[PDB]
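As structure tokens, the structure follows; a few thoughts come after it.
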Amino acid sequence: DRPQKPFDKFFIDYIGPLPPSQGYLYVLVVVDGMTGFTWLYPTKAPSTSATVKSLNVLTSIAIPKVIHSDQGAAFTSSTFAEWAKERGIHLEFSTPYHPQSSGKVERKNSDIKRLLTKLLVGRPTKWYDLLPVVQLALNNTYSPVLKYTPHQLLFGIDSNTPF
Amino acid sequence: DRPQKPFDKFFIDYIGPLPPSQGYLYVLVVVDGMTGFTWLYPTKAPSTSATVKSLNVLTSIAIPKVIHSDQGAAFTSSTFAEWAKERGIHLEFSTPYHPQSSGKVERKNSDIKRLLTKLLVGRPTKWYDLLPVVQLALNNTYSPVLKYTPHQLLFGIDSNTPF
Amino acid sequence: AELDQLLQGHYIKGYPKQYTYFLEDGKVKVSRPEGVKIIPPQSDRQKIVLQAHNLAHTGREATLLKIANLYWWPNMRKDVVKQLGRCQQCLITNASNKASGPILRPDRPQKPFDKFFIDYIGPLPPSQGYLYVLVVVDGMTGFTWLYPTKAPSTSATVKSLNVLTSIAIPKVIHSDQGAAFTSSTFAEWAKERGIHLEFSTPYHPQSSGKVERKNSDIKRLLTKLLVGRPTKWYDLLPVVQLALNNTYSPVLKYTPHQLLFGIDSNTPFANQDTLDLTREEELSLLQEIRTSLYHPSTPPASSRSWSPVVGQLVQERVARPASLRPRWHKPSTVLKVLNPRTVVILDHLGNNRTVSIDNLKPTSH
Amino acid sequence: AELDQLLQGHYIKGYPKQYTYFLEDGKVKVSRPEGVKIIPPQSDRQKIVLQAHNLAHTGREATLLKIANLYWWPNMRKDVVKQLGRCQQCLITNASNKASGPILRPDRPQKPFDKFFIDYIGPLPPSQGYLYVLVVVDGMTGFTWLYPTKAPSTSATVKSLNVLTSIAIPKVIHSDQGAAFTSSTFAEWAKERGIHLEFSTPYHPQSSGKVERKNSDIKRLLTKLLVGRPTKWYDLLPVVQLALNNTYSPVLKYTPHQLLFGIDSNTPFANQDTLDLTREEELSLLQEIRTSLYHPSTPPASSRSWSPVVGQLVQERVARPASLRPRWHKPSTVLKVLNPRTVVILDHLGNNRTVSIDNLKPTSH
DNA sequence: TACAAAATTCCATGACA
DNA sequence: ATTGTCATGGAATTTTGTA
DNA sequence: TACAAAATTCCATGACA
DNA sequence: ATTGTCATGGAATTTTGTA
Ligand SMILES: [Zn+2]
Ligand SMILES: [Zn+2]
């Protein structure tokens, strides 16, 4: 009803498996519905557990009202269901096979995979150390609509590392 | 020239040898010329050394202008002579054989030996522990002249242990 | 139940009319200047305050600001304060924001030997096998005896004071409640000689202030002599003792020695003013000096001080507080007020403790 | 030589006539109200003052009272003060009696991420193998990140801040000169990312005051949650972090989170005042909030404060002073006054040190 | 009945636990 | 059941030598 | 245009090193 | 080269509901 805001919705997805870096295989991807801000967490499995351990990190900063995801076994589990009921997060699922996000999220989530591939090649074994440099680049990347970096929309100032 | 005062003169003498108490054999005796106050220190020998070690204890409280003694080997030594020149104490010696004190000191120094004997007998091995009780009794003992205890003349108040 | 009448526009004590009270989602709501707030029912309100508080156990104002986001009701703070008073955890953990009233300046003892103050310094660097110094100050004169010891033990305290009381016997010996003096062996040694033992409230060195202050000077002088040299303090004690007993207090304009004896011994720069008086004239000039001495008065109370009332709720500081555990004990009642700075409390739970207010805080709320 | 003329009754500048100056024992003497005092010759006077002083290294007044027993001469104190100024020992041992001037309240950083303050808490009781907490506070917002570590090591600081700077990169990180941050490995990590390192003057935690103050609250809350329970703090850090970042400062009337993000997340009692504004209206209402924040000013100077002049003689407090050794270093010159509370000194001897005046005293005399 | 400087007193500051 | 203390050295105040 | 009480602000106090 | 901070809960002050 009212205008879209940060923390209204968090779109989550798993990327992988990738060539093992530092004993990790997967990247959990969390994009903010409204701003396009992106968190990335390396996991060892697309398991409920790995998701919860990861999302405990994120929810020490901020808790979303809604998490949107596909019907992946990890997110459909009742452990994950209970986790989110505790923190008072509403869970929301896309249809099987027809996985829909925001127009802006689809755009963003595509950017990530391509950016990951470009920088995987050449150093496929060493992608772990790069996740911060990646995360930083995405969030300070100019959006064709609004011409605001996700950073700017989240914090309401300019960053000290532009691109 | 001017009226007699505390710390003007210290009369010193050795009593002994006595039956060994706590490995001690001698009592060094220091009486104040003016007040009759008495210090007693147990020594192991009537040596210069034992005297100096003992008198270092006394001179942390007060230093006399003059020390009077007989021509005992301990006090005629040049070590003792140097000790007293340092602290700026004048040494004064009685004639050999004709040992003179103050009228009051002779009186007092006699009291000590008799008091020591009365309390030696019965517990001749245990006189060390008693030296304080002795010292206390002497100094709070009424003088026929002045009717002031040595304590009173030294401190200018009454003691908390009268006799 | 009581919020029925309100929606209809009937007045209720505490609910300001002029604001319209309406209904949505089966919750009672109100339009207020600040915004539109939910008014919870009576029974729900304690539950709410508690939840808000428990987020990070915040005080009055912090806890309210949370609540006031969603809710409104009459006299909100009153309810908040009620909880903060019953929070076991905040009570025993939060610090005080009220300082104790102004200190007392107990009258200087009248005569020398009326009162001795005693304490151990150390441990120090081992000198000649000795580690501690027993320090004994005469209350009246500030005269001081020093005895090197190997332990702050009753045993050694007794050895040392036996030599001391060969000079004279005090009426009262005042010490801290350190093991060396609170032993039953010491009490007896003391009883035998007719000496009354007297102890500072626990963990309050200010009460032993006369010794403690003298501890400072002993150390400061030792320090000055030991510059350059290795720390051979054993041989120095006597010199220090003597040096200190013969130093002027610029306020008194007298040395401890002078106050004790009434004439200077044969020390350097010995005062000769009373050289013509008989000992007797001198000894009464002394009594005159001793009663005329400067005596300090108590300072003004700070803006936000407190003082102990009988029956007040009160909390004692945890003595040796373990890492991450509360800095205060549970609440205690004041039983008697021995003086404006000393108190008897019914404790944990419950014995009588005598404590300084410096180790106390008023339970708030 | 100069005291010849005097006995004859001829005037000398500084020797008040009306008192008769006579001779005894081949010393010049004078009858004064106080009594009859020996007047030593010029050359002997330094020797005298020194002897009097050295008895127990006493100050002006104490040292004079000794001397004035036996002697008199013109402007006695002037001579005493001259010695006390040249006493190596008193200088480096005596405490100060002048307090440092009023503290500065440095302007709050303008934007979030302008400045980070960082510090380690601990050691704590071992929880899950961890002993220390790295604490990171954003200067502007007071937002705080917590990271459990096994050591206050550069190694672990880097690991932890790599996760942190995935969110954003600060301009400036301010820390104390603890080994973990003064390492060359840290300087490089920082250089790579274009972060300026900035250090507090040595042994002055007040400069890291923002973190240090936050250290307090972290500990106080952990404490409250851990009452009754054993000290399992590892699992609690997140909750604490979150709880604290979302707590109101009654002075600001905002939570760190709010200042950082400009809206509340989905936490309990989340504020809804800006629910109708577009993100854009909101984001500028935020910029308005951030510049309007309460900023404290410096307090009045105490009666007896001092402030550093260029070329002043000045002494730095001995950092970890050994038992019985001087609490102060030898004298140092002030080189530049970086601000009324910070100073560059030419030291021991001699490098440039940048120090807080709280670790300074004015060499007296 | 008065002045400049010395001599004395005042007293905040800090350290002992 | 008990209780703060006092050296120190600039500054403030009072006394002093001389008129 | 004025009141009593509530709501808000003030701010000394203490603890982080 | 750099620099104190701020929760807390009585008290003091200002605002509020009603007249
Ligand atoms: Zn609480
Ligand atoms: Zn000196």
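Naming works like this for the structure tokens: A, B, ... for the chains as they're shown, residue 1 at the start of each chain, ligands 1 onward in shown order.
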Using only C-alpha atoms (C1' of nucleotides) and all ligand atoms, what are the residues with an atom within 10 Å of ligand 2, set out as a PDB file with N, CA and C atoms, in the first residue's frame?
ATOM      1  N   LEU C 221      59.823   8.572  49.885  1.00  0.00           N
ATOM      2  CA  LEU C 221      61.202   8.830  50.325  1.00  0.00           C
ATOM      3  C   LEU C 221      62.160   7.687  49.968  1.00  0.00           C
ATOM      4  N   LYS C 224      63.121   8.040  46.496  1.00  0.00           N
ATOM      5  CA  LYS C 224      64.063   9.115  46.215  1.00  0.00           C
ATOM      6  C   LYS C 224      65.488   8.725  46.565  1.00  0.00           C
ATOM      7  N   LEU C 225      65.642   7.972  47.646  1.00  0.00           N
ATOM      8  CA  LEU C 225      66.956   7.508  48.053  1.00  0.00           C
ATOM      9  C   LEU C 225      67.457   6.416  47.132  1.00  0.00           C
TER      10      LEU C 225
ATOM     11  N   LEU D  50      70.894  22.597  51.106  1.00  0.00           N
ATOM     12  CA  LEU D  50      70.974  21.248  50.614  1.00  0.00           C
ATOM     13  C   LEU D  50      70.906  20.229  51.732  1.00  0.00           C
ATOM     14  N   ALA D  52      69.660  20.590  54.799  1.00  0.00           N
ATOM     15  CA  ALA D  52      68.309  20.672  55.343  1.00  0.00           C
ATOM     16  C   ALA D  52      67.343  19.914  54.462  1.00  0.00           C
ATOM     17  N   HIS D  53      67.406  20.182  53.161  1.00  0.00           N
ATOM     18  CA  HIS D  53      66.517  19.518  52.217  1.00  0.00           C
ATOM     19  C   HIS D  53      66.707  18.008  52.217  1.00  0.00           C
ATOM     20  N   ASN D  54      67.961  17.571  52.207  1.00  0.00           N
ATOM     21  CA  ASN D  54      68.268  16.164  52.008  1.00  0.00           C
ATOM     22  C   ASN D  54      67.890  15.234  53.164  1.00  0.00           C
ATOM     23  N   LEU D  55      67.474  15.801  54.295  1.00  0.00           N
ATOM     24  CA  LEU D  55      67.090  14.992  55.447  1.00  0.00           C
ATOM     25  C   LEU D  55      65.980  14.042  55.056  1.00  0.00           C
ATOM     26  N   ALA D  56      64.923  14.589  54.448  1.00  0.00           N
ATOM     27  CA  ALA D  56      63.831  13.790  53.859  1.00  0.00           C
ATOM     28  C   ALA D  56      63.291  14.388  52.554  1.00  0.00           C
ATOM     29  N   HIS D  57      64.123  15.164  51.857  1.00  0.00           N
ATOM     30  CA  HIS D  57      63.777  15.741  50.547  1.00  0.00           C
ATOM     31  C   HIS D  57      62.468  16.511  50.578  1.00  0.00           C
ATOM     32  N   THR D  58      62.355  17.421  51.534  1.00  0.00           N
ATOM     33  CA  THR D  58      61.101  18.113  51.775  1.00  0.00           C
ATOM     34  C   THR D  58      60.903  19.294  50.838  1.00  0.00           C
ATOM     35  N   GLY D  59      59.655  19.732  50.700  1.00  0.00           N
ATOM     36  CA  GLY D  59      59.318  20.883  49.854  1.00  0.00           C
ATOM     37  C   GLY D  59      59.776  22.224  50.401  1.00  0.00           C
ATOM     38  N   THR D  63      61.249  22.371  54.207  1.00  0.00           N
ATOM     39  CA  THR D  63      62.691  22.599  54.176  1.00  0.00           C
ATOM     40  C   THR D  63      63.096  23.896  54.883  1.00  0.00           C
ATOM     41  N   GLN D  83      67.148  25.260  45.061  1.00  0.00           N
ATOM     42  CA  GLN D  83      67.583  23.877  45.239  1.00  0.00           C
ATOM     43  C   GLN D  83      66.545  22.869  44.795  1.00  0.00           C
ATOM     44  N   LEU D  84      65.308  23.060  45.251  1.00  0.00           N
ATOM     45  CA  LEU D  84      64.204  22.179  44.889  1.00  0.00           C
ATOM     46  C   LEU D  84      64.047  22.072  43.384  1.00  0.00           C
ATOM     47  N   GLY D  85      64.467  23.112  42.663  1.00  0.00           N
ATOM     48  CA  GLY D  85      64.425  23.119  41.202  1.00  0.00           C
ATOM     49  C   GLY D  85      65.518  22.262  40.595  1.00  0.00           C
ATOM     50  N   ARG D  86      66.626  22.128  41.317  1.00  0.00           N
ATOM     51  CA  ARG D  86      67.769  21.338  40.865  1.00  0.00           C
ATOM     52  C   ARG D  86      67.867  19.972  41.540  1.00  0.00           C
ATOM     53  N   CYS D  87      66.869  19.599  42.343  1.00  0.00           N
ATOM     54  CA  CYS D  87      66.881  18.259  42.931  1.00  0.00           C
ATOM     55  C   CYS D  87      66.381  17.253  41.913  1.00  0.00           C
ATOM     56  N   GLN D  88      67.321  16.574  41.268  1.00  0.00           N
ATOM     57  CA  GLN D  88      66.983  15.534  40.317  1.00  0.00           C
ATOM     58  C   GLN D  88      65.880  14.629  40.884  1.00  0.00           C
ATOM     59  N   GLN D  89      66.053  14.212  42.136  1.00  0.00           N
ATOM     60  CA  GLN D  89      65.201  13.209  42.765  1.00  0.00           C
ATOM     61  C   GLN D  89      63.772  13.653  43.054  1.00  0.00           C
ATOM     62  N   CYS D  90      63.612  14.793  43.720  1.00  0.00           N
ATOM     63  CA  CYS D  90      62.279  15.347  43.975  1.00  0.00           C
ATOM     64  C   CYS D  90      61.503  15.598  42.687  1.00  0.00           C
ATOM     65  N   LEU D  91      62.182  16.154  41.689  1.00  0.00           N
ATOM     66  CA  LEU D  91      61.583  16.411  40.383  1.00  0.00           C
ATOM     67  C   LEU D  91      60.880  15.191  39.765  1.00  0.00           C
ATOM     68  N   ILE D  92      61.589  14.070  39.687  1.00  0.00           N
ATOM     69  CA  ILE D  92      61.053  12.880  39.040  1.00  0.00           C
ATOM     70  C   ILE D  92      60.173  12.017  39.943  1.00  0.00           C
ATOM     71  N   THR D  93      60.067  12.366  41.232  1.00  0.00           N
ATOM     72  CA  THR D  93      59.294  11.533  42.174  1.00  0.00           C
ATOM     73  C   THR D  93      58.017  12.162  42.713  1.00  0.00           C
ATOM     74  N   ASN D  94      58.093  13.414  43.162  1.00  0.00           N
ATOM     75  CA  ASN D  94      56.925  14.158  43.656  1.00  0.00           C
ATOM     76  C   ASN D  94      55.754  14.166  42.674  1.00  0.00           C
TER      77      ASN D  94
END
Practice problem: List every residue of range 34-149 of chain A that DSSP, applied to the backbone of this structure, places in alpha helix (DSSP H), and write the result as a PyMOL selection string. | Solution: chain A and resi 48-58+73-76+78-86+103-120+131-139
Quiz item: Could you pull the residues within 9 Å of residue 363 in chain D, counting only C-alpha atoms (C1' of nucleotides), minus those fewer than 6 positions along the same chain, as a PyMOL selection string?
Solution: chain D and resi 85+91-92+96+312-315+331-332
Need to verify the contact set: range 8-16 of chain F, 8 Å, only C-alpha atoms (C1' of nucleotides), exclusion of same-chain residues closer than 2 positions in sequence. Can you return it as a CSV table (one decimal) with N, CA and C atoms (P, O5', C5', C4', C3', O3' and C1' of nucleotides), in the first residue's frame?
chain,number,residue,atom,x,y,z
D,59,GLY,N,59.7,19.7,50.7
D,59,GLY,CA,59.3,20.9,49.9
D,59,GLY,C,59.8,22.2,50.4
D,60,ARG,N,59.2,23.3,49.9
D,60,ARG,CA,59.6,24.7,50.2
D,60,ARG,C,59.5,24.9,51.7
D,97,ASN,N,50.5,19.0,41.6
D,97,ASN,CA,49.4,19.6,42.3
D,97,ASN,C,48.6,20.6,41.4
D,364,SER,N,58.2,21.9,38.2
D,364,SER,CA,58.0,23.0,39.0
D,364,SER,C,59.3,23.7,39.3
E,6,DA,P,61.4,40.6,47.6
E,6,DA,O5',61.8,39.9,49.0
E,6,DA,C5',62.0,40.7,50.2
E,6,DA,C4',61.1,40.2,51.3
E,6,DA,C3',61.0,38.7,51.5
E,6,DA,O3',61.4,38.4,52.8
E,6,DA,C1',58.8,39.6,51.5
E,7,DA,P,61.8,37.0,53.3
E,7,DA,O5',60.9,36.9,54.6
E,7,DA,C5',59.9,37.9,54.9
E,7,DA,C4',58.7,37.3,55.6
E,7,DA,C3',58.8,35.7,55.9
E,7,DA,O3',58.3,35.4,57.2
E,7,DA,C1',56.9,36.2,54.6
E,8,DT,P,57.8,34.0,57.7
E,8,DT,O5',56.3,34.0,57.2
E,8,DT,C5',55.4,34.8,57.9
E,8,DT,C4',54.0,34.4,57.5
E,8,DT,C3',53.6,33.0,57.8
E,8,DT,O3',52.4,33.1,58.5
E,8,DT,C1',53.0,33.5,55.6
E,9,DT,P,51.7,31.9,59.2
E,9,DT,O5',50.6,31.6,58.1
E,9,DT,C5',49.7,32.6,58.0
E,9,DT,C4',48.6,32.3,56.9
E,9,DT,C3',47.9,31.0,57.0
E,9,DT,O3',46.6,31.3,57.0
E,9,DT,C1',48.8,31.3,54.8
E,10,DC,P,45.4,30.2,56.9
E,10,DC,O5',45.2,30.1,55.3
E,10,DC,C5',44.9,31.2,54.5
E,10,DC,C4',44.4,30.8,53.1
E,10,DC,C3',43.5,29.6,53.0
E,10,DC,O3',42.5,29.9,52.1
E,10,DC,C1',45.5,29.2,51.7
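For residue 90 in chain B, the residues within 12 Å (counting only C-alpha atoms (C1' of nucleotides), excluding itself and residues fewer than 4 positions away along the chain) are residues 7, 8, 9, 10, 63, 64, 65, 66, 67, 68, 69, 80, 81, 82, 83, 84, 85 and 86 of chain B; 266 of chain C.
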Quiz prompt | Contact set, chain D to chain E: 9 Å, only C-alpha atoms (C1' of nucleotides), as number ranges by chain | solution = D: 75, 95-99, 303-304
Quiz prompt | DSSP-assigned strand (DSSP E or B) members of range 94-212 of chain C, reported as a PyMOL selection string | solution = chain C and resi 99-100+115-121+127+130+132-138+144-149+172-175+196-199
Exercise answer, chain D residues close to chain C, 8 Å and only C-alpha atoms, as a short mmCIF file (atom, residue, chain, number, x, y, z; two decimals) with N, CA, C and O atoms, in the first residue's frame:
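Below is the file that was written, out.cif:
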data_model
loop_
_atom_site.label_atom_id
_atom_site.label_comp_id
_atom_site.auth_asym_id
_atom_site.auth_seq_id
_atom_site.Cartn_x
_atom_site.Cartn_y
_atom_site.Cartn_z
N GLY D 35 63.87 34.83 67.68
CA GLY D 35 64.98 34.41 68.54
C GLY D 35 66.33 34.86 67.98
O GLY D 35 66.39 35.73 67.10
N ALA D 52 69.66 20.59 54.80
CA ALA D 52 68.31 20.67 55.34
C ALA D 52 67.34 19.91 54.46
O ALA D 52 66.56 19.10 54.95
N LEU D 55 67.47 15.80 54.29
CA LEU D 55 67.09 14.99 55.45
C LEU D 55 65.98 14.04 55.06
O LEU D 55 66.10 12.84 55.27
N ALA D 56 64.92 14.59 54.45
CA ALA D 56 63.83 13.79 53.86
C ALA D 56 63.29 14.39 52.55
O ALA D 56 62.14 14.14 52.19
N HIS D 57 64.12 15.16 51.86
CA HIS D 57 63.78 15.74 50.55
C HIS D 57 62.47 16.51 50.58
O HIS D 57 61.58 16.29 49.75
N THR D 58 62.35 17.42 51.53
CA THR D 58 61.10 18.11 51.78
C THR D 58 60.90 19.29 50.84
O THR D 58 61.86 19.80 50.26
N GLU D 61 58.23 24.89 52.22
CA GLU D 61 57.93 25.24 53.59
C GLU D 61 58.55 24.31 54.62
O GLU D 61 59.10 24.77 55.62
N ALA D 62 58.47 23.00 54.37
CA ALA D 62 59.08 22.04 55.28
C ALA D 62 60.59 22.27 55.36
O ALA D 62 61.16 22.39 56.46
N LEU D 65 61.45 25.56 57.44
CA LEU D 65 61.27 25.40 58.89
C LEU D 65 62.46 24.73 59.58
O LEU D 65 62.84 25.14 60.69
N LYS D 66 63.06 23.73 58.94
CA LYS D 66 64.29 23.15 59.45
C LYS D 66 65.37 24.22 59.55
O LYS D 66 65.86 24.52 60.64
N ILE D 67 65.71 24.82 58.41
CA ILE D 67 66.79 25.82 58.34
C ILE D 67 66.60 26.96 59.34
O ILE D 67 67.55 27.35 60.02
N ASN D 69 65.38 27.11 62.14
CA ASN D 69 65.75 26.80 63.51
C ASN D 69 67.07 27.45 63.89
O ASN D 69 67.12 28.23 64.83
N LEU D 70 68.12 27.17 63.12
CA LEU D 70 69.44 27.69 63.43
C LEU D 70 69.74 29.01 62.73
O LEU D 70 70.29 29.92 63.34
N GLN D 89 66.05 14.21 42.14
CA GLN D 89 65.20 13.21 42.76
C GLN D 89 63.77 13.65 43.05
O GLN D 89 62.83 12.96 42.69
N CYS D 90 63.61 14.79 43.72
CA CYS D 90 62.28 15.35 43.97
C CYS D 90 61.50 15.60 42.69
O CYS D 90 60.32 15.27 42.60
N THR D 93 60.07 12.37 41.23
CA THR D 93 59.29 11.53 42.17
C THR D 93 58.02 12.16 42.71
O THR D 93 56.99 11.50 42.74
N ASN D 94 58.09 13.41 43.16
CA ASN D 94 56.92 14.16 43.66
C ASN D 94 55.75 14.17 42.67
O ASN D 94 55.96 14.20 41.47
N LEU D 124 38.44 -12.48 28.39
CA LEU D 124 37.24 -12.94 29.10
C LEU D 124 37.39 -14.42 29.53
O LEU D 124 38.39 -15.07 29.21
N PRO D 125 36.41 -14.95 30.29
CA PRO D 125 36.34 -16.41 30.45
C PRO D 125 36.20 -17.11 29.10
O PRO D 125 35.37 -16.71 28.28
N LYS D 219 29.67 -4.97 27.89
CA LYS D 219 29.92 -5.74 29.07
C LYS D 219 28.73 -5.73 30.03
O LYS D 219 28.33 -6.78 30.54
N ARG D 220 28.14 -4.56 30.23
CA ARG D 220 27.05 -4.43 31.19
C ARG D 220 25.83 -5.27 30.78
O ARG D 220 25.18 -5.87 31.64
N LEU D 221 25.54 -5.33 29.48
CA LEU D 221 24.42 -6.14 28.98
C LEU D 221 24.71 -7.65 29.04
O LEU D 221 23.87 -8.42 29.52
N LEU D 222 25.89 -8.05 28.56
CA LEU D 222 26.35 -9.44 28.70
C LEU D 222 26.18 -9.91 30.14
O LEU D 222 25.63 -10.98 30.41
N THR D 223 26.64 -9.08 31.07
CA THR D 223 26.50 -9.33 32.49
C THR D 223 25.05 -9.65 32.86
O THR D 223 24.79 -10.66 33.52
N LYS D 224 24.13 -8.79 32.42
CA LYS D 224 22.73 -8.90 32.81
C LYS D 224 22.08 -10.16 32.28
O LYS D 224 21.26 -10.79 32.95
N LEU D 225 22.47 -10.55 31.07
CA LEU D 225 21.95 -11.77 30.47
C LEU D 225 22.54 -13.00 31.14
O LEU D 225 21.88 -14.02 31.25
N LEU D 226 23.78 -12.88 31.60
CA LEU D 226 24.49 -14.01 32.16
C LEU D 226 24.24 -14.29 33.65
O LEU D 226 24.77 -15.27 34.17
N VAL D 227 23.45 -13.44 34.32
CA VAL D 227 23.13 -13.65 35.75
C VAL D 227 22.49 -15.02 35.91
O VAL D 227 21.67 -15.43 35.08
N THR D 231 28.99 -18.36 32.12
CA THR D 231 29.34 -17.24 31.22
C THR D 231 29.52 -17.61 29.74
O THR D 231 30.60 -17.43 29.17
N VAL D 240 23.39 -9.19 21.56
CA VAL D 240 23.91 -7.96 22.14
C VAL D 240 24.08 -6.90 21.04
O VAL D 240 23.47 -5.82 21.12
N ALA D 243 20.82 -5.75 19.86
CA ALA D 243 20.11 -5.08 20.94
C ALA D 243 20.62 -3.66 21.13
O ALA D 243 19.85 -2.72 21.31
N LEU D 244 21.94 -3.53 21.07
CA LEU D 244 22.60 -2.27 21.31
C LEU D 244 22.45 -1.28 20.16
O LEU D 244 22.23 -0.09 20.39
N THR D 247 19.10 0.54 20.34
CA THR D 247 18.72 1.21 21.58
C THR D 247 18.82 2.74 21.50
O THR D 247 19.82 3.27 21.02
N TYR D 248 17.81 3.45 21.97
CA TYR D 248 17.81 4.92 21.94
C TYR D 248 18.84 5.59 22.86
O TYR D 248 19.01 5.18 24.01
N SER D 249 19.54 6.61 22.37
CA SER D 249 20.29 7.50 23.26
C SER D 249 19.36 8.63 23.66
O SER D 249 19.01 9.46 22.83
N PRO D 250 18.93 8.66 24.94
CA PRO D 250 17.94 9.62 25.38
C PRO D 250 18.25 11.07 25.00
O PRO D 250 17.34 11.89 24.96
N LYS D 253 17.74 10.99 20.97
CA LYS D 253 16.40 10.50 20.68
C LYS D 253 16.36 9.69 19.37
O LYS D 253 15.41 9.78 18.60
N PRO D 268 11.52 -5.60 17.09
CA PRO D 268 10.42 -5.25 17.99
C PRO D 268 10.31 -3.75 18.21
O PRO D 268 11.31 -3.04 18.18
N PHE D 269 9.07 -3.28 18.41
CA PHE D 269 8.77 -1.87 18.61
C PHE D 269 9.40 -0.95 17.58
O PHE D 269 9.86 0.14 17.91
N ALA D 270 9.39 -1.39 16.32
CA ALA D 270 9.96 -0.63 15.20
C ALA D 270 9.13 0.61 14.87
O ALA D 270 7.90 0.53 14.70
N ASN D 271 9.83 1.74 14.78
CA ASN D 271 9.21 3.05 14.57
C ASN D 271 8.64 3.22 13.18
O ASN D 271 9.29 2.90 12.19
N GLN D 272 7.43 3.77 13.13
CA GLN D 272 6.66 3.85 11.89
C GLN D 272 6.36 5.26 11.40
O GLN D 272 5.56 5.44 10.48
N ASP D 273 7.01 6.26 11.99
CA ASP D 273 6.71 7.67 11.69
C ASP D 273 6.90 8.06 10.22
O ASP D 273 6.25 8.98 9.74
N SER D 323 58.00 -1.15 41.04
CA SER D 323 57.85 -0.96 42.48
C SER D 323 59.02 -0.16 43.08
O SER D 323 60.18 -0.59 43.01
N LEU D 324 58.69 0.99 43.67
CA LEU D 324 59.65 1.84 44.42
C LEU D 324 60.49 2.76 43.55
O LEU D 324 61.47 3.35 44.03
N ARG D 325 60.13 2.89 42.28
CA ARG D 325 60.90 3.71 41.34
C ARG D 325 60.07 4.91 40.89
O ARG D 325 58.85 4.88 41.01
N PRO D 326 60.72 5.99 40.41
CA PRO D 326 60.02 7.25 40.17
C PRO D 326 58.82 7.13 39.27
O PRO D 326 58.86 6.40 38.29
#
Quiz item: Got a sec to pull out which chain C residues are within 10 Å of chain F, counting only C-alpha atoms (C1' of nucleotides), and send them as a ChimeraX atom specification?
Solution: /C:103-107,198-201,204-214,217,248-251,337-344,352-356
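Between CA of residue 115 in chain A and CA of residue 134 in chain A lies a distance of 7.8 Å.
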Self-check item: 10 Å contact set for residue 2 in chain C, only C-alpha atoms (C1' of nucleotides), chain neighbours under 5 positions out, as a ChimeraX atom specification
Solution: /C:12,41-42
May I have the selected residues written with N, CA, C and O atoms, as a tab-separated table (two decimals), in the first residue's frame?
chain	number	residue	atom	x	y	z
C	12	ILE	N	-13.25	8.75	30.62
C	12	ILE	CA	-12.59	7.91	31.62
C	12	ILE	C	-11.38	8.62	32.23
C	12	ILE	O	-10.52	9.11	31.50
C	41	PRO	N	-5.04	-2.96	26.24
C	41	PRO	CA	-5.83	-3.12	27.47
C	41	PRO	C	-4.94	-3.23	28.71
C	41	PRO	O	-3.79	-3.67	28.63
C	42	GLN	N	-5.50	-2.83	29.85
C	42	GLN	CA	-4.83	-2.90	31.15
C	42	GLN	C	-3.94	-4.13	31.33
C	42	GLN	O	-2.76	-4.00	31.64
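Atom pair CA of residue 28 in chain C / CA of residue 47 in chain C has a distance of 17.1 Å (rounded to one decimal).
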Exercise. Give the residues of chain B that lie within 10 Å of chain C; count only C-alpha atoms, and format the answer as a count of residues only.
Key: 51
